[PDB]
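Shown here: run24.csv, CSV, C-alpha atoms.
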```csv
chain,number,residue,atom,x,y,z
A,3,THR,CA,-108.5,-27.2,85.3
A,4,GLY,CA,-111.1,-30.1,85.1
A,5,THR,CA,-114.1,-27.8,85.8
A,6,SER,CA,-116.4,-26.3,83.1
A,7,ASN,CA,-118.5,-23.1,83.6
A,8,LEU,CA,-121.6,-25.5,83.7
A,9,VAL,CA,-123.4,-25.8,87.0
A,10,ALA,CA,-122.8,-29.2,88.7
A,11,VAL,CA,-126.1,-31.2,88.7
A,12,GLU,CA,-126.3,-32.6,92.3
A,13,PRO,CA,-127.8,-31.7,95.6
A,14,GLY,CA,-126.6,-28.3,96.7
A,15,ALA,CA,-127.6,-25.5,99.1
A,16,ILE,CA,-131.3,-24.8,99.9
A,17,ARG,CA,-130.9,-21.0,99.5
A,18,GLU,CA,-128.5,-18.6,97.7
A,19,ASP,CA,-128.1,-14.9,97.6
A,20,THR,CA,-130.3,-13.0,95.2
A,21,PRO,CA,-130.2,-9.3,94.3
A,22,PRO,CA,-132.2,-7.3,96.9
A,23,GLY,CA,-135.5,-5.9,95.5
A,24,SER,CA,-135.2,-8.0,92.4
A,25,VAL,CA,-137.9,-10.2,91.0
A,26,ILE,CA,-136.0,-13.3,92.2
A,27,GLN,CA,-136.4,-14.1,95.9
A,28,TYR,CA,-136.2,-17.4,97.7
A,29,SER,CA,-138.8,-18.5,100.3
A,30,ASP,CA,-138.2,-18.1,104.0
A,31,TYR,CA,-138.4,-21.4,105.8
A,32,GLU,CA,-136.4,-24.3,107.3
A,33,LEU,CA,-136.0,-28.0,106.8
A,34,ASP,CA,-136.9,-30.3,109.5
A,35,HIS,CA,-133.8,-32.5,109.6
A,36,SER,CA,-135.7,-35.0,111.7
A,37,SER,CA,-136.7,-36.4,108.3
A,38,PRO,CA,-133.8,-38.1,106.4
A,39,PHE,CA,-135.5,-36.8,103.2
A,40,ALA,CA,-135.4,-33.1,103.9
A,41,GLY,CA,-133.2,-31.3,101.4
A,42,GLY,CA,-133.4,-33.9,98.5
A,43,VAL,CA,-135.5,-36.9,97.5
A,44,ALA,CA,-134.7,-39.4,94.8
A,45,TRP,CA,-137.1,-42.1,93.4
A,46,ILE,CA,-135.2,-45.0,91.8
A,47,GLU,CA,-136.8,-48.4,91.2
A,48,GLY,CA,-140.0,-47.6,93.0
A,49,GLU,CA,-138.2,-46.8,96.3
A,50,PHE,CA,-137.5,-43.3,97.7
A,51,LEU,CA,-134.1,-42.5,99.1
A,52,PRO,CA,-132.2,-39.6,100.5
A,53,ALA,CA,-130.5,-37.9,97.6
A,54,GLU,CA,-127.1,-38.4,99.1
A,55,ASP,CA,-127.7,-42.1,98.6
A,56,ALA,CA,-129.3,-42.1,95.1
A,57,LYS,CA,-127.5,-44.6,92.9
A,58,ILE,CA,-128.1,-46.4,89.6
A,59,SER,CA,-126.7,-49.6,88.2
A,60,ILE,CA,-123.5,-49.0,86.3
A,61,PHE,CA,-125.0,-51.4,83.6
A,62,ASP,CA,-128.0,-49.2,82.8
A,63,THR,CA,-128.0,-48.5,79.0
A,64,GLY,CA,-128.8,-44.9,80.0
A,65,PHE,CA,-125.2,-44.8,81.2
A,66,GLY,CA,-123.2,-46.8,78.7
A,67,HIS,CA,-125.1,-45.6,75.6
A,68,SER,CA,-126.7,-42.5,77.1
A,69,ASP,CA,-129.9,-44.1,75.8
A,70,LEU,CA,-132.5,-42.0,77.5
A,71,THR,CA,-134.5,-38.7,77.6
A,72,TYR,CA,-135.3,-36.5,80.5
A,73,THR,CA,-137.0,-33.3,81.5
A,74,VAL,CA,-136.5,-30.7,84.3
A,75,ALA,CA,-139.2,-28.7,86.0
A,76,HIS,CA,-138.7,-26.1,88.7
A,77,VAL,CA,-140.6,-25.4,91.9
A,78,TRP,CA,-140.7,-21.8,93.0
A,79,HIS,CA,-142.5,-20.5,96.1
A,80,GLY,CA,-143.9,-24.0,96.6
A,81,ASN,CA,-145.5,-24.0,93.1
A,82,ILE,CA,-144.5,-26.4,90.4
A,83,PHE,CA,-144.4,-24.8,86.9
A,84,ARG,CA,-145.9,-26.4,83.8
A,85,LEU,CA,-145.5,-29.9,85.1
A,86,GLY,CA,-148.1,-31.2,82.6
A,87,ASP,CA,-146.2,-29.7,79.6
A,88,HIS,CA,-143.0,-31.3,80.9
A,89,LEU,CA,-144.7,-34.7,81.3
A,90,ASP,CA,-146.1,-34.3,77.8
A,91,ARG,CA,-142.7,-33.5,76.4
A,92,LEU,CA,-140.9,-36.3,78.3
A,93,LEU,CA,-143.5,-38.9,77.2
A,94,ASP,CA,-143.4,-37.7,73.6
A,95,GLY,CA,-139.6,-38.0,73.5
A,96,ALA,CA,-139.6,-41.4,75.1
A,97,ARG,CA,-142.0,-42.5,72.4
A,98,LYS,CA,-139.6,-41.2,69.7
A,99,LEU,CA,-136.9,-43.2,71.4
A,100,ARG,CA,-139.1,-46.3,71.6
A,101,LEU,CA,-138.8,-46.1,75.4
A,102,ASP,CA,-141.7,-47.1,77.7
A,103,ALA,CA,-141.8,-45.4,81.1
A,104,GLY,CA,-144.2,-48.0,82.3
A,105,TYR,CA,-146.1,-45.2,84.2
A,106,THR,CA,-148.9,-43.0,83.0
A,107,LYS,CA,-148.6,-39.3,83.0
A,108,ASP,CA,-150.8,-39.0,86.1
A,109,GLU,CA,-148.8,-41.6,88.0
A,110,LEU,CA,-145.6,-39.7,87.1
A,111,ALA,CA,-147.2,-36.4,88.2
A,112,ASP,CA,-148.2,-37.8,91.6
A,113,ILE,CA,-144.8,-39.4,92.1
A,114,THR,CA,-143.0,-36.2,91.2
A,115,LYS,CA,-145.0,-33.9,93.4
A,116,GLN,CA,-144.6,-36.4,96.2
A,117,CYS,CA,-140.8,-36.1,95.8
A,118,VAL,CA,-141.0,-32.4,96.2
A,119,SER,CA,-143.2,-32.6,99.3
A,120,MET,CA,-141.0,-35.1,101.0
A,121,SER,CA,-138.0,-32.9,100.1
A,122,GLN,CA,-139.6,-30.0,101.9
A,123,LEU,CA,-138.2,-27.7,99.2
A,124,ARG,CA,-140.2,-24.6,98.2
A,125,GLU,CA,-137.6,-23.9,95.5
A,126,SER,CA,-136.4,-27.1,93.7
A,127,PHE,CA,-134.8,-28.5,90.6
A,128,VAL,CA,-136.9,-31.6,89.6
A,129,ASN,CA,-135.6,-34.1,87.1
A,130,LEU,CA,-137.5,-37.0,85.5
A,131,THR,CA,-135.3,-39.4,83.5
A,132,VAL,CA,-136.5,-42.4,81.4
A,133,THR,CA,-133.7,-44.8,80.3
A,134,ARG,CA,-133.4,-48.0,78.2
A,135,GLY,CA,-132.5,-49.8,81.4
A,136,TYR,CA,-130.8,-53.2,82.0
A,137,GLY,CA,-131.7,-56.9,82.2
A,148,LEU,CA,-134.9,-55.7,79.2
A,149,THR,CA,-136.7,-53.3,81.5
A,150,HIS,CA,-136.8,-49.5,81.0
A,151,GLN,CA,-136.0,-47.5,84.1
A,152,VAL,CA,-137.6,-44.2,85.4
A,153,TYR,CA,-135.6,-42.1,87.8
A,154,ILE,CA,-137.0,-38.9,89.5
A,155,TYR,CA,-135.3,-36.5,91.9
A,156,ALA,CA,-136.2,-33.2,93.6
A,157,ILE,CA,-133.1,-31.3,94.8
A,158,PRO,CA,-132.3,-27.7,95.9
A,159,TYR,CA,-132.7,-25.1,93.2
A,160,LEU,CA,-129.9,-25.0,90.5
A,161,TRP,CA,-129.0,-22.0,88.4
A,162,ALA,CA,-127.6,-22.3,84.9
A,163,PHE,CA,-126.7,-18.7,85.4
A,164,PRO,CA,-126.4,-17.2,89.0
A,165,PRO,CA,-129.1,-14.9,90.2
A,166,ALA,CA,-126.8,-11.9,89.8
A,167,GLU,CA,-126.4,-12.7,86.1
A,168,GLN,CA,-130.2,-13.2,85.8
A,169,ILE,CA,-130.6,-9.6,87.0
A,170,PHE,CA,-127.5,-7.9,85.5
A,171,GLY,CA,-126.7,-10.1,82.5
A,172,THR,CA,-124.1,-12.7,81.4
A,173,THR,CA,-121.4,-12.9,78.6
A,174,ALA,CA,-121.2,-15.2,75.7
A,175,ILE,CA,-118.9,-16.3,72.8
A,176,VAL,CA,-119.6,-18.2,69.6
A,177,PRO,CA,-117.2,-21.2,69.6
A,178,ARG,CA,-114.4,-21.2,67.0
A,179,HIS,CA,-114.0,-25.0,67.2
A,180,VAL,CA,-117.4,-26.5,68.1
A,181,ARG,CA,-120.9,-26.7,66.5
A,182,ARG,CA,-124.1,-28.1,68.0
A,183,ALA,CA,-124.9,-31.7,67.0
A,184,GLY,CA,-127.5,-31.8,64.2
A,185,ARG,CA,-131.0,-33.4,64.4
A,186,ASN,CA,-129.8,-36.3,62.2
A,187,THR,CA,-126.9,-37.2,64.6
A,188,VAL,CA,-127.5,-36.8,68.3
A,189,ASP,CA,-130.9,-35.1,68.0
A,190,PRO,CA,-131.1,-31.9,70.1
A,191,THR,CA,-134.9,-31.9,69.7
A,192,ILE,CA,-135.1,-34.7,72.3
A,193,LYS,CA,-133.8,-33.5,75.6
A,194,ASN,CA,-130.7,-35.6,76.3
A,195,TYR,CA,-127.6,-36.2,78.5
A,196,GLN,CA,-125.3,-36.2,75.5
A,197,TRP,CA,-123.4,-33.0,76.1
A,198,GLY,CA,-120.1,-33.6,74.3
A,199,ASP,CA,-120.5,-30.5,72.1
A,200,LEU,CA,-122.1,-28.5,74.9
A,201,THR,CA,-119.3,-29.3,77.3
A,202,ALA,CA,-116.6,-28.5,74.7
A,203,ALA,CA,-118.3,-25.2,74.0
A,204,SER,CA,-118.4,-24.4,77.7
A,205,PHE,CA,-114.7,-25.1,78.1
A,206,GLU,CA,-114.0,-22.8,75.1
A,207,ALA,CA,-116.0,-20.0,76.7
A,208,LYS,CA,-114.1,-20.5,79.9
A,209,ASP,CA,-110.8,-20.4,78.0
A,210,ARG,CA,-111.9,-17.2,76.3
A,211,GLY,CA,-113.1,-15.5,79.6
A,212,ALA,CA,-116.8,-15.6,78.8
A,213,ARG,CA,-119.6,-17.2,80.9
A,214,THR,CA,-121.0,-19.5,78.2
A,215,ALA,CA,-121.4,-20.2,74.5
A,216,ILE,CA,-124.0,-19.8,71.8
A,217,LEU,CA,-123.5,-22.7,69.3
A,218,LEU,CA,-124.3,-22.7,65.5
A,219,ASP,CA,-125.5,-25.6,63.5
A,220,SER,CA,-123.9,-27.0,60.3
A,221,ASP,CA,-125.5,-24.2,58.1
A,222,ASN,CA,-124.3,-21.5,60.4
A,223,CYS,CA,-127.8,-20.9,61.9
A,224,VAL,CA,-128.2,-20.4,65.6
A,225,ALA,CA,-128.7,-23.6,67.4
A,226,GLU,CA,-128.8,-23.2,71.2
A,227,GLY,CA,-126.5,-23.0,74.3
A,228,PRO,CA,-125.3,-25.6,76.9
A,229,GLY,CA,-128.6,-26.1,78.6
A,230,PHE,CA,-130.6,-23.2,77.2
A,231,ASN,CA,-132.5,-21.9,74.2
A,232,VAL,CA,-131.4,-18.5,72.8
A,233,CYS,CA,-133.9,-15.8,71.9
A,234,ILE,CA,-132.9,-12.9,69.6
A,235,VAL,CA,-134.5,-9.4,69.6
A,236,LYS,CA,-134.3,-7.3,66.5
A,237,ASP,CA,-136.4,-4.2,65.7
A,238,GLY,CA,-138.9,-4.9,68.3
A,239,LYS,CA,-139.5,-8.5,67.2
A,240,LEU,CA,-138.5,-11.8,69.0
A,241,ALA,CA,-137.1,-14.8,67.3
A,242,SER,CA,-135.8,-18.2,68.4
A,243,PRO,CA,-134.3,-21.1,66.4
A,244,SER,CA,-136.7,-23.7,65.1
A,245,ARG,CA,-134.5,-26.5,64.0
A,246,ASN,CA,-131.4,-27.6,66.0
A,247,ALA,CA,-132.7,-26.6,69.4
A,248,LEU,CA,-134.8,-28.2,72.2
A,249,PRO,CA,-138.4,-27.1,72.1
A,250,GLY,CA,-138.1,-25.5,75.4
A,251,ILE,CA,-140.8,-24.9,77.9
A,252,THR,CA,-139.3,-21.7,79.1
A,253,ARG,CA,-139.1,-20.7,75.4
A,254,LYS,CA,-142.8,-21.5,75.1
A,255,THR,CA,-143.5,-19.4,78.1
A,256,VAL,CA,-141.5,-16.5,76.8
A,257,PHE,CA,-143.4,-16.6,73.5
A,258,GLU,CA,-146.7,-16.5,75.4
A,259,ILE,CA,-145.5,-13.6,77.5
A,260,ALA,CA,-144.4,-11.7,74.4
A,261,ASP,CA,-147.7,-12.4,72.6
A,262,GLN,CA,-149.6,-10.9,75.7
A,263,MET,CA,-147.2,-7.9,75.5
A,264,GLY,CA,-148.2,-7.4,71.9
A,265,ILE,CA,-144.7,-8.5,70.7
A,266,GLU,CA,-144.3,-10.6,67.5
A,267,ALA,CA,-142.5,-13.8,68.4
A,268,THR,CA,-141.4,-16.3,65.7
A,269,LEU,CA,-139.8,-19.7,65.7
A,270,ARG,CA,-137.6,-19.6,62.6
A,271,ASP,CA,-134.0,-20.0,61.3
A,272,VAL,CA,-131.9,-17.2,62.8
A,273,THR,CA,-128.7,-16.8,60.8
A,274,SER,CA,-125.2,-16.1,62.2
A,275,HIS,CA,-125.5,-12.6,60.7
A,276,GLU,CA,-128.7,-12.0,62.7
A,277,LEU,CA,-127.1,-13.3,65.9
A,278,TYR,CA,-124.2,-10.8,65.7
A,279,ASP,CA,-126.5,-7.9,64.6
A,280,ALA,CA,-129.0,-8.6,67.5
A,281,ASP,CA,-130.5,-5.7,69.4
A,282,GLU,CA,-130.8,-8.0,72.4
A,283,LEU,CA,-129.9,-11.6,73.2
A,284,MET,CA,-131.2,-13.8,76.0
A,285,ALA,CA,-130.8,-17.4,77.3
A,286,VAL,CA,-134.0,-19.2,78.4
A,287,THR,CA,-134.1,-22.4,80.5
A,288,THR,CA,-136.0,-23.9,83.4
A,289,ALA,CA,-133.1,-23.7,85.8
A,290,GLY,CA,-133.1,-20.0,86.4
A,291,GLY,CA,-135.4,-18.6,83.7
A,292,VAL,CA,-134.6,-15.7,81.4
A,293,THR,CA,-130.9,-14.5,81.4
A,294,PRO,CA,-129.8,-11.4,79.5
A,295,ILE,CA,-126.7,-11.8,77.4
A,296,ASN,CA,-124.8,-8.5,77.6
A,297,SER,CA,-122.1,-9.2,75.0
A,298,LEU,CA,-121.1,-11.6,72.3
A,299,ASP,CA,-117.4,-12.2,71.5
A,300,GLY,CA,-116.5,-9.3,73.8
A,301,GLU,CA,-118.7,-6.8,71.8
A,302,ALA,CA,-121.6,-5.1,73.5
A,303,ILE,CA,-125.1,-6.2,72.4
A,304,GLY,CA,-127.0,-2.9,72.7
A,305,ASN,CA,-125.4,-0.9,75.5
A,306,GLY,CA,-123.7,-3.9,77.0
A,307,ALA,CA,-126.4,-4.3,79.8
A,308,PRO,CA,-129.8,-6.1,79.9
A,309,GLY,CA,-132.1,-5.1,77.1
A,310,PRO,CA,-135.5,-3.6,77.7
A,311,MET,CA,-137.6,-6.4,76.2
A,312,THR,CA,-135.5,-9.0,78.0
A,313,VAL,CA,-136.0,-7.2,81.3
A,314,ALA,CA,-139.8,-7.0,80.7
A,315,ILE,CA,-140.1,-10.6,79.8
A,316,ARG,CA,-137.9,-11.8,82.6
A,317,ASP,CA,-139.8,-9.8,85.2
A,318,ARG,CA,-143.1,-11.2,83.9
A,319,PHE,CA,-141.7,-14.7,84.0
A,320,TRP,CA,-141.0,-14.6,87.7
A,321,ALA,CA,-144.4,-13.0,88.4
A,322,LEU,CA,-146.1,-16.1,86.8
A,323,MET,CA,-144.7,-18.2,89.6
A,324,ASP,CA,-147.1,-16.5,92.0
A,325,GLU,CA,-150.3,-15.9,90.0
A,326,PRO,CA,-152.9,-18.7,90.4
A,327,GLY,CA,-153.8,-20.3,87.1
A,328,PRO,CA,-153.2,-23.2,84.7
A,329,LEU,CA,-149.4,-22.7,84.6
A,330,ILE,CA,-148.9,-23.3,88.3
A,331,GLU,CA,-150.0,-25.8,90.9
A,332,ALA,CA,-149.3,-25.6,94.6
A,333,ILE,CA,-147.3,-28.4,96.2
A,334,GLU,CA,-148.8,-29.9,99.4
A,335,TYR,CA,-146.1,-30.1,102.1
```
As C-alpha cells:
Amino acid sequence: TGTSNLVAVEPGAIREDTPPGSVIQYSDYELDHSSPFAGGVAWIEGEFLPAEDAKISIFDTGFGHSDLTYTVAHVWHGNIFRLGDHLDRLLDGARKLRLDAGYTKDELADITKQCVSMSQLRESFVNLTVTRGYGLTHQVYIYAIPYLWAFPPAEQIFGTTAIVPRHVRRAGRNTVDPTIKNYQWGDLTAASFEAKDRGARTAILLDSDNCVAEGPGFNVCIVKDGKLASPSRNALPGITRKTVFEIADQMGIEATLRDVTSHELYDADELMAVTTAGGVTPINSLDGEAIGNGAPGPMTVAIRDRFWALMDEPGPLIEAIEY
C-alpha cells in the first residue's frame, strides 16, 4: 500500500495504552476544550494557531529544497527533557547550514514552553524547525502536539524487529549529511518500506563502508561483552544517545562512539534503538535471527528503565512546564 511502518507526524491522540506496571505511563488529566488550542499548538510566523490549522507557504525553500534543520524534544509528566541541549543542537546545525533563526536560544525556549502550556499536554512531541524561507527571510516553525511513538509502547517494553536493507544504504555525510537533523528521508523511507515488505518493524542502515549508520528516526546502540557502542560517523548526534551514554557511565558501563562494523552488528549481544519519540527500544531480532534470546537484553532493559525514571527526578535534565 502507500503507508510505511513510520509513524505519521501530525496531531494524534492525547493518550495511548501502555503496558500495565511498566516504566511508561501517561498522565491522568483532561483537556479543557473551551480553549481552541487544547490538544495541539503551532507557532508559525509569530502567530499561534490550533494545530489543525497550521499551514506554511508552499513556496518556502524548506519545502522545495528541504533546506532546513529541526529538532524534537519530548514532554513527559509535564516536564520538558533537555530543551537546552536541543536548542544548542538546533542552533549549531542552523549555523552549519548558514541559516539564521532570528531568535536567541532563550527566546526560542520561552516560545517553545509556551506552546506546550497552551496545548495543555503533559506528554507532548515538540518540534522546532528552521528553514531557508521565502521572499529572503528564514522561517522558524514550532509545534507541540500529542506524544508520538517511533515504536509503540508495547515494543518499548517487549522489543521490536529489524532488518538490514538489501537495497538501501544511509546517505553519507558528504551528500545529504545525517549529522544535521533533517527532513530528507528518501533513504530512510525506502528502508522502512523494505522492512515492511520483509515483515520486520524497521531497518538498521549501513553506510558506504558497511559500518552501521542509523535507523529511520533513531540511533542504534550495540552491546557486546558488557560494553556499549554507537556509530560515530553517519548518524545524528542524538540527545537520547547522549543520555544513554550518561546512564551507562553511571552504571559503570563503558560506552564508546566509534565505527561499528557490519560484522559487529550481526554478532551483537544486544541491539537497541534510541530516539526522543519513545526513548529506548529493544531490538529482539535482526534479519529474522534472534539477538541474544530474542527478547529484550538486560543492559537495554536497565538503561531503558533508568531513562524513564529521569523524567521524574528533579535536576538539570528536566524543567517543569507551567500550565
Residues of region 108-226 of chain A within 12 Å of region 11-26 of chain A: nearest atom pair and distance (Å, one decimal) for each, counting all atoms listed in the file, sorted by chain and number, as a tab-separated table?
```
residue	atom	partner	partner_atom	distance
A:121	CA	A:16	CA	10.5
A:122	CA	A:16	CA	10.0
A:123	CA	A:16	CA	7.5
A:124	CA	A:16	CA	9.1
A:125	CA	A:16	CA	7.7
A:126	CA	A:16	CA	8.4
A:127	CA	A:13	CA	9.2
A:128	CA	A:11	CA	10.8
A:129	CA	A:11	CA	10.1
A:155	CA	A:13	CA	9.6
A:156	CA	A:13	CA	8.8
A:157	CA	A:13	CA	5.4
A:158	CA	A:16	CA	5.0
A:159	CA	A:16	CA	6.9
A:160	CA	A:11	CA	7.5
A:161	CA	A:11	CA	9.7
A:162	CA	A:11	CA	9.8
A:163	CA	A:20	CA	11.9
A:164	CA	A:20	CA	8.4
A:165	CA	A:20	CA	5.5
A:166	CA	A:21	CA	6.2
A:167	CA	A:21	CA	9.7
A:168	CA	A:26	CA	8.6
A:169	CA	A:24	CA	7.3
A:170	CA	A:21	CA	9.3
A:195	CA	A:11	CA	11.5
```
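Omitting residue 238 (chain A) and its sequence neighbours fewer than 5 positions away, and counting only C-alpha atoms, the residues within 10 Å are residues 265, 266, 267, 281, 282 and 311 of chain A.
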Closest contacts (region 120-208 of chain A/region 242-249 of chain A, max 8 Å, only C-alpha atoms) as a tab-separated table:
```
residue	atom	partner	partner_atom	distance
A:182	CA	A:246	CA	7.6
A:183	CA	A:246	CA	7.7
A:184	CA	A:246	CA	6.0
A:185	CA	A:246	CA	6.0
A:189	CA	A:246	CA	7.8
A:190	CA	A:247	CA	5.6
A:191	CA	A:248	CA	4.5
A:192	CA	A:248	CA	6.5
A:193	CA	A:248	CA	6.4
```
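For the pair CA of residue 200 (chain A) and CA of residue 228 (chain A), the separation is 4.8 Å.
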(Q) Please list as a PyMOL selection string every residue within 12 Å of residue 322 (chain A), counting all atoms listed in the file and excluding residues in the same chain fewer than 2 positions away. (A) chain A and resi 25-26+77-79+81-84+252+255-256+258-259+291+315-320+324-331
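With CA of residue 50 (chain A) on one side and CA of residue 117 (chain A) on the other, the separation reads 8.1 Å.
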Box along x, y and z, 8 Å on every side, all listed atoms of region 279-296 of chain A inside: centre and edge lengths in Å to one decimal, as lines of an AutoDock Vina configuration file.
```
center_x = -130.4
center_y = -14.8
center_z = 75.5
size_x = 27.2
size_y = 34.2
size_z = 37.8
```
